[PDB]
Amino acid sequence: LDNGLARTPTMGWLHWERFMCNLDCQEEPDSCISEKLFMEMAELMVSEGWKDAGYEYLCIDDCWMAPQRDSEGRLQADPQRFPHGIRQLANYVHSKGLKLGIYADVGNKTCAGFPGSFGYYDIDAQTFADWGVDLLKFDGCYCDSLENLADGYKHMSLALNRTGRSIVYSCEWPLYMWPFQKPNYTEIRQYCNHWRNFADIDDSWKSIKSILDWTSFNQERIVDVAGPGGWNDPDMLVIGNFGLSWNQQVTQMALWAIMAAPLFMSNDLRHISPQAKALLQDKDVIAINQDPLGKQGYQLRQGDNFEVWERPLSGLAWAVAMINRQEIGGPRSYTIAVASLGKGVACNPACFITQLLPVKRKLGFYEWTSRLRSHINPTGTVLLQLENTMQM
């Protein structure tokens, strides 16, 4: 989408994986979808260094809506859980230096059963723009036909455009097409700043493995489509929650940087370990995700429960991720000719190699003819940055 937005992958926070559709503010007030939850996340995004690390967008997912449109046929915030309305939340969010995202559905109902946008694309689009919305996530539930799906996504895109407000446009179009026909990614790209390809993440190693395996299986279809203004969305970061070991958290953060993924944390910023915080705020790994070249990485090799992924970066640098998929035993040795990395460009005639994950270690100069030797933890990843150099 040539709206001049999302020139790097969008970064921020989205409630869905951690808070889902909790409407019980009486018995579960700390986890219920309310203006107070968003306001509290906003303060913490500022005070706990998230904004400074680049997490800019505070996003509302499903279950923000009143059950019905007003007398004027516009969407309304739930009166009990959002008594001060979207506009005042927007002012609060903007006052802290952040941008607000919100959710809607191309079809007749949101996936949770709240009012769909079909019949109202232009008024809804104008509603968000009046409210001061800076991002829309646009879901595909309750859509009759491929034709409606496509028409709706295309329509809402132009509708948002017509408003003349800068609004990142995040689409689930490809994901709702797979049951019927292969998506056309050149079409999707024209209309959307990023697009969900695969099933919702959850707080599990199984869910990470399943997203990586679908991505590497489908990479010829989707990798070359991605670039400034248009990204593949493999769903939220779940680092800081309950289901992933340290090694599995390092693997998500490493591979979301490789894949030029939007980085939407879905966690509780009020209750997050220092270790999870340091990984999500890791300046050098964010710098790989946010690399201005904006070319998505890929799986170079697979076999013997090892994977090697790489991503080309600005300035003849490469990011390299080595994953140990063996879920038994101890750290496994992997050796590779540095000549096989970065299409033989990265270390010609030499590279300087820095390990970034699991820990930051300068490894030194590797001649084009050198071998790189690593030890990789079970379900973990070693992330390396290869800098092309003349020295040595």
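Take the two forms, superpose them, and find the largest set of C-alpha atoms that agree within 1.5 Å; that set is the rigid core. In this text, residue numbers run from 1 along the sequence as written.
Trainee: Using RMS Cα distance over all structures and residues, flag whichever of 58-66 and 23-31 lies farther from this form in 6 other deposited structures of this protein after a core fit.
Mentor: Greater root mean square C-alpha distance in 6 other deposited structures of this protein: 23-31.
Trainee: Superpose by the rigid core and compare 176-184 with 163-171; which one moves more, by C-alpha RMS, in 6 other deposited structures of this protein?
Mentor: Between 176-184 and 163-171, the one lying farther away in 6 other deposited structures of this protein is 176-184.
Trainee: Select between 240-248 and 190-198 the stretch whose C-alpha atoms have the higher average B-factor in the entry.
Mentor: According to the PDB entry, the answer is 190-198.
Trainee: Pick between 65-73 and 356-364: the one whose mean CA B-factor in the entry is higher.
Mentor: Taking the mean C-alpha B-factor of 65-73 and of 356-364, the larger value falls to 65-73.
Trainee: Among the choices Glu307, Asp122, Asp233, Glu310, identify the one whose CA B-factor in the record is greatest.
Mentor: Across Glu307, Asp122, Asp233, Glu310, the entry lists the biggest C-alpha B-factor for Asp122.
Trainee: When the CA B-factors of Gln281, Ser273, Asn289, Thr163 are compared as recorded in the entry, which is the largest?
Mentor: Checking the PDB record, the top C-alpha B-factor among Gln281, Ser273, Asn289, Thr163 is at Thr163.
Trainee: Per the entry's values, where does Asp213 land by CA temperature factor relative to the rest of its chain, in the lowest, middle or highest third?
Mentor: Tercile = lowest for this residue's CA B-factor.
Trainee: Considering every modelled residue of the chain and its Cα B-factor in the PDB entry, is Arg373 in the lowest, middle or highest third?
Mentor: Top third by C-alpha B-factor.
Trainee: Using the B-factor values recorded in the entry, state whether the Cα atom of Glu27 falls in the lowest, middle or highest third among the modelled residues of its chain.
Mentor: According to the entry, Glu27 has a C-alpha B-factor in the chain's highest third.
Trainee: Taking the values exactly as deposited, rank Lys206 by C-alpha B-factor within its chain and report the matching third: lowest, middle or highest.
Mentor: Ranked within chain, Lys206 CA B lands in the lowest tercile.
Trainee: Ranked by Cα temperature factor within the chain, is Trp256 in the lowest third, the middle third or the highest third?
Mentor: Its C-alpha B-factor, which the entry lists for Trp256, ranks in the lowest third among residues of this chain.
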